[PDB]
Structure formats: structure tokens, C-alpha cells
């Protein structure tokens, strides 16, 4: 669970990368789909699912918007992401094993775009934060 040091580290990092949220979302989803083929099946209803695709570009914004929400509800992710959880579990039926995969792609993306900002001290708090998000999202599965 996140300490005061972790909360400020994330707010601090986020004030730096937040402006590029759309770009991060787009690149993360693209990587996930290319590197982890088992994830394509959830977006197969889109006609075009390639790095450039406007559908991916479009969904990339929604996902990082999920992160932005989590950042503002960082004191209670369980409660803050309850609905997103219900949605992925019962409506979209996304296998829960994939939350950690996307988190890792986001970390890779943030690292290619902000090599200077993503220090090891920032990495550990963000990683703890993203695990919190994965745990919060898996909440309504069983």
C-alpha cells in the first residue's frame, strides 16, 4: 500500500508526463497488442488494430484517463476504480491476468519518452501505484 512518499512521487511524475497522456496511451496499447498477441482478441471488433489506427489512438486516451482518475483517487483506489472494475469483469469480460501486462507496457513507454524523469526512485513508486491499480481493477472478478 502507497506511503506519503509514494503519493508525492506519483503526483510529481504525473505533473511532468500528464501533458503527454494521449501519446503514452496510444503507444502502450499498440505495444501490448503487438508483443502480447493474446490481447488482440478484446479489440478485434475494431476494423484497424495497428500502431497507427485511430481506434487505438482513440482508446489510448480513455485508458490514460483511467490513470488520471486513479491519480486523483490515489487515497482510495479500490473505491475510485470500482466501476471500471465492474465494467472489465462483467461487460467486457477481460481476463484479469492482462492488467499487469499493460502496466509493464506503460512503464516501457514512459521510459522511452522521459528517460530523464523516470529515475529508479520514481519507478518504484509508480510501479507500486500501478500494482494498486491492477489490484483495484481485479476487485470485482470473484
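Positions refer to the first chain, counted from 1. Superpose the two forms; the largest set of C-alphas matching within 1.5 Å is the rigid core.
Student: Out of 38 to 46 and 103 to 111, which one drifts farther from the shown form in 8 other deposited structures of this protein in terms of CA positions, with the fit done on the rigid core?
Tutor: Comparing 38 to 46 with 103 to 111, the larger C-alpha deviation in 8 other deposited structures of this protein belongs to 38 to 46.
Student: Of the stretches 71 to 79 and 49 to 57, which sits farther from where it is here in 8 other deposited structures of this protein, on average over its Cα atoms, after fitting the core?
Tutor: Comparing 71 to 79 with 49 to 57, the larger C-alpha deviation in 8 other deposited structures of this protein belongs to 49 to 57.
Student: Would you determine, from the values in the PDB entry, which of 106 to 114 and 61 to 69 has the greater average C-alpha temperature factor?
Tutor: The entry gives the higher C-alpha B-factor average to 61 to 69.
Student: When the C-alpha temperature factors are averaged for each of 16 to 24 and 127 to 135, which stretch ends up with the higher value in the entry?
Tutor: Result of the comparison: 16 to 24.
Student: Mind checking which third residue 89 falls in for C-alpha B-factor across the chain?
Tutor: Its C-alpha B-factor belongs to the highest third of this chain's values.
Student: Would the CA B-factor of residue 34 place it in the lowest, middle or highest third of its chain?
Tutor: For residue 34, whose C-alpha B-factor we compare with every modelled residue in the chain, the answer is the middle third.
Student: Using the B-factor values recorded in the entry, state whether the Cα atom of residue 78 falls in the lowest, middle or highest third among the modelled residues of its chain.
Tutor: Middle third, going by the recorded CA B-factors of the chain.
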